[PDB]
Amino acid sequence: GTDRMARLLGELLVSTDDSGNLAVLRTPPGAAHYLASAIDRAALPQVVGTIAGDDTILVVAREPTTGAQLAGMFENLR
Amino acid sequence: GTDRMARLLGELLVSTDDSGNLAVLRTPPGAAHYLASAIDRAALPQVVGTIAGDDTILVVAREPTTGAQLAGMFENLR
Amino acid sequence: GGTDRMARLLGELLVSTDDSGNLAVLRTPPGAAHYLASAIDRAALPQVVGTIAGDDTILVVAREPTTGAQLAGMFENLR
Amino acid sequence: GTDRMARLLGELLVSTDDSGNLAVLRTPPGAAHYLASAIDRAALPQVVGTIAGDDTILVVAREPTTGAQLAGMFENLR
Amino acid sequence: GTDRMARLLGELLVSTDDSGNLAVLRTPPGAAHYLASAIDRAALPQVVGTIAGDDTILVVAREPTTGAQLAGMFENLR
Amino acid sequence: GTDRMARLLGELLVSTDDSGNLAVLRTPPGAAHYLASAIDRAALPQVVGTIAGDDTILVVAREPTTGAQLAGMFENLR
């Protein structure tokens, strides 16, 4: 779960950002659904859910974790 | 209207979660768009909008309703 | 000229705007959300963190301390 | 599998059409993914696969069944 | 309806191609769904339906029109 | 381009099937757009294009290549 997510983050995470309870992950062109999917599958306790577009993922942080702390965690697995 | 919505939540709502102003609903694979659409057509005053993925819907709550209160409402409709 | 294209497309495709918290919620005609959302990305506004589109609706994430209501009124006035 | 499919065709199938090995199914807005996935889970021997947009499903007929034969089959099931 | 389709093909159609009863239209990424919807709404007599990816559209030709024929016609509307 | 596609098919391709000028490829849920962009970026001479659903890809074969031939080729690259 977590090791698959980690590898794919290393492959596919271009950048991260945050606002409030939200991390925003940028990926290459066809890649966001695929990444989002590995995140969901990892089922992180600090994560409520994810929604992907083509090249963007919204990851919803579980309180009290913030979007910034979620995004920092994702950075440090890449 | 709200009728179809309540009937679909009965059939399709697997689980709820929340964070901040967001309710995150989970459905069977391939059902999230269809349920999201029903929730839009109901046009509930406490919902601003929804975004569906394949089995996840992010519901944005209208202030002052929280994601938790929103999740609590979808869950008691079935 | 990313902003001008965004401005042109808001004029054409934006049906309604709304908000909650750090989120602006934009509505478009069916099939148009993804196209407008990418024009908004392309424009790289200082106060926008990112966007996610469905079929007819866009979530636009405001950069703190800009709020979703602020982003919404700004999109609204570009219509 | 096939009960669920046939029930959903009853609710959601608005119209059919065909060309060659292809059946085109129309649904109400937001209904096509849900219907498409019911069809997939039913695993019909005459179906090769499906792709859904918002209100349109492309069903690929297994040779020698035509798109017209596949479309006629889907209609008589409503 | 057809005018909007014509105007959009002029802005969004990058290239055209075909195979059998199929026209394949290419767009910029993020623009396929929007174009397909405009094609759909124009309801051309020789088009059975469309399905959009991200930057590609499958247009289904109504027999006896071919994909090459459709693609020619779309091509000359740019 | 082709080497990346070849790596991805080994990881993501679950089954191949076909009908007429179409190869139908199945991946795990959430992997189809990712594999489909890699197929596109390989630009194979015999492929007109691809459209991805959630776990299904339609690959359009270039006349006179058939979908069965494309499918058998993709199958042997796992």
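Entry numbering is not used for residues: they are numbered from 1 along each chain in the order the sequence is written, which may differ from it, and residues without coordinates are omitted. Chain letters start at A and ligand numbers start at 1, both assigned in the order the entries are written. Hydrogens are left out, water is left out, and the side-chain values use all remaining heavy atoms of the structure.

As summarised from the PDB record, the model derives from X-ray crystallography at a stated resolution of 2.15 Å.

The secondary structure listing takes helices from DSSP runs of H or I that are at least 4 residues long and strands from runs of E that are at least 2 residues long, numbered from the N terminus. When you line up the elements, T50 of chain A lands in strand β3 (residues 47-52). Note on classification: 1.4 Å probe, protein chains only; a residue is buried when its accessible area is under 20% of the maximum for its type, exposed when over 50%, partly exposed between these limits. We classify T50 of chain A as buried; its relative accessible area is 5%. Within 3.5 Å is the distance limit for a polar contact, defined as a pair of N or O atoms, with the added protein rule that one can donate a hydrogen and the other accept it, and that residues adjacent in sequence qualify only through two side-chain atoms. Side-chain polar atoms of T50 of chain A contact the side chain of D40 of chain A, separated by 3.1 Å. Here a residue-residue contact requires only that any non-hydrogen atoms of the pair lie within 4.5 Å. Dropping the residues within four chain positions of it, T50 of chain A is found in contact with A36, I39, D40, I57, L58 and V59 of chain A together with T56 of chain B.

What follows deals with the environment of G31 of chain C. Note that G31 of chain C resides in the loop between β2 (23-27) and α2 (33-43). For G31 of chain C and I52 of chain C, which are 21 residues apart along the polypeptide, the C-alpha to C-alpha distance reads 14 Å. Leave out the neighbours within four places in its chain, and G31 of chain C touches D55 of chain C together with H33, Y34 and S37 of chain E.

The partner chain A presents 14 residues to the 12 residues of chain C that form the contact. Using a 1.4 Å probe, buried area is obtained as the accessible area two parts lose upon being combined, added over both of them. Carbon and sulfur atoms make up 57% of the area that chain C and chain A hide from each other, which totals about 920 Å². Criterion for a salt bridge: a side-chain nitrogen of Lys or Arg within 4 Å of a carboxyl oxygen of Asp or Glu. Counting the contacts that link chain C with chain A gives 1 salt bridge. When the shortest N-O distance is used, the salt bridge between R63 of chain C and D17 of chain A registers 3.3 Å. When residues of the side of chain C that touches chain A are traced back to their parent elements, those giving at least two are β3 (48-53) and β4 (57-62) of chain C. Top contributing element to the side of chain C that touches chain A by residue count: β3 of chain C, with 4 residues.

All names here are of chain F. The pairing criterion is simple: DSSP has to find at least two bridges between the two strands. Strand order in the open sheet formed by 4 strands is β1-β2-β4-β3, with antiparallel pairing between adjacent strands. In this open sheet, the two edge strands, each paired with only one partner strand, are β1 (15-19) and β3 (47-52). When the angles between neighbouring strand axes are averaged without regard to direction, this sheet yields 20 degrees. In the sheet, β1 pairs with strand β2 (residues 22-26) via 5 bridges, with the strands oriented antiparallel. Each residue of the ladder has a partner; that of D17, found in β2, is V24. As a rule, the C-alpha atoms of each element are fitted with a line to give its axis, helices using only the stretch in contact, and angles between N-to-C directions run from 0 to 180 degrees. Sitting on the sheet, helix α3 (residues 67-75) is in contact with β1, β2, β3 and β4 (56-61), with an inclination near 170 degrees to β1.

Here the focus is the arrangement of the chains. In this assembly 12 pairs of chains touch, with chains B and C having more contacts than any other pair. Separating chain B from chain E is a minimum C-alpha gap of 15 Å, and the two share no contact. Contact between chain C and chain F is absent, and the least distance between their C-alpha atoms amounts to 15 Å.

Another point: the interface of chain B and chain C. Counting residues at the interface gives 13 residues for chain B and 14 residues for chain C. Buried area between chain B and chain C, summed over both chains or domains, comes out near 930 Å², and the portion from carbon and sulfur atoms is 56%. Seen at the junction of chain B and chain C, the total is 3 salt bridges. Between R41 of chain B and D56 of chain C there is a salt bridge whose closest N-O contact spans 3.6 Å. For the pair chain B and chain C, the interface holds 5 residue pairs in polar contact. Looking at the side of chain B that touches chain C, the elements that each hand over two or more residues are α2 (32-42), β3 (47-52) and β4 (56-61) of chain B. Among the elements that take part in the side of chain B that touches chain C, β3 of chain B stands out by supplying 4 residues, more than any other. In the side of chain B that touches chain C, the residues fall into 6 nonpolar, 3 polar and 4 charged. Side-chain classes are defined by residue name, with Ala, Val, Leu, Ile, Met, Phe, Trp, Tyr, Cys and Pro counting as nonpolar, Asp, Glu, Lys and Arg as charged, and the others, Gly among them, as polar.

Next up on the list: the pattern of salt bridges. As enumerated under the stated definition, the model contains 31 salt bridges over all chains in all. Across the pair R7 of chain A and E11 of chain F runs a salt bridge, and its minimum N-O distance is 3.7 Å. Of this pair, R7 of chain A sits in helix α1 (residues 2-12) while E11 of chain F is found in helix α1 (residues 2-12), placing the two residues in two different chains. Looking at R7 of chain A, the relative accessible area reads 37%, which means it is partly exposed. Several salt bridges share partner residues, and in doing so they unite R7 and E11 of chain A together with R7 and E11 of chain F into one network.

In this section: the packing of aromatic side chains. Working definition: an aromatic ring pair is given by the centre-to-centre distance plus the angle between the planes. Only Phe, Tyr and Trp rings take part, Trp by its six-membered ring, and two of them pair if their centres are within 6.5 Å. Stacked means planes under 30 degrees apart, edge-to-face means over 60, and tilted covers everything else. All told, the structure shown has 3 aromatic pairs over all chains when counted by the stated rule. Ring plane angle 15 degrees and centroid distance 4.6 Å describe the contact between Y35 of chain C and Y34 of chain E, whose orientation is recorded as stacked. Taken together, the residues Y35 of chain C in helix α2 and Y34 of chain E in helix α2 (residues 32-42) connect one chain to another. Note on accessibility: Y35 of chain C and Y34 of chain E belong to one class, buried.

Another aspect to go through is helix α3 (residues 67-75) of chain D. Residues and elements named next belong to chain D. The complete set of buried residues in α3 reads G67, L70, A71 and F74. Seen end-on, α3 carries its buried residues on one side only, within an arc spanning 100 degrees. If you follow the buried residues of α3, they end up packed against α1 (2-12), β1 (15-19), β2 (22-26), α2 (32-42), β3 (47-52) and β4 (56-61). A distance of 3.3 Å separates the backbone nitrogen of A68 from a side-chain oxygen at the start of α3, and that oxygen is part of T66. Regarding the arc, it is the one traced by the directions from the helix axis to the C-beta atoms.

In this section: the pairing of β4 of chain B. Residue and element names in this part refer to chain B. Counting buried positions over the 6 residues of β4 gives 6, a clear majority of the element. The alternating pattern of β4 places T56, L58 and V60 on one face and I57, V59 and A61 on the opposite face, and all of these are buried. As defined by bridge partners, strand β2 (residues 22-26) adjoins β4 across 5 bridges and the pair is classed as antiparallel. Bridge pairing in β4 links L25 to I57. Hairpin connection from β3 to β4: 3 residues lie between these consecutive antiparallel strands.

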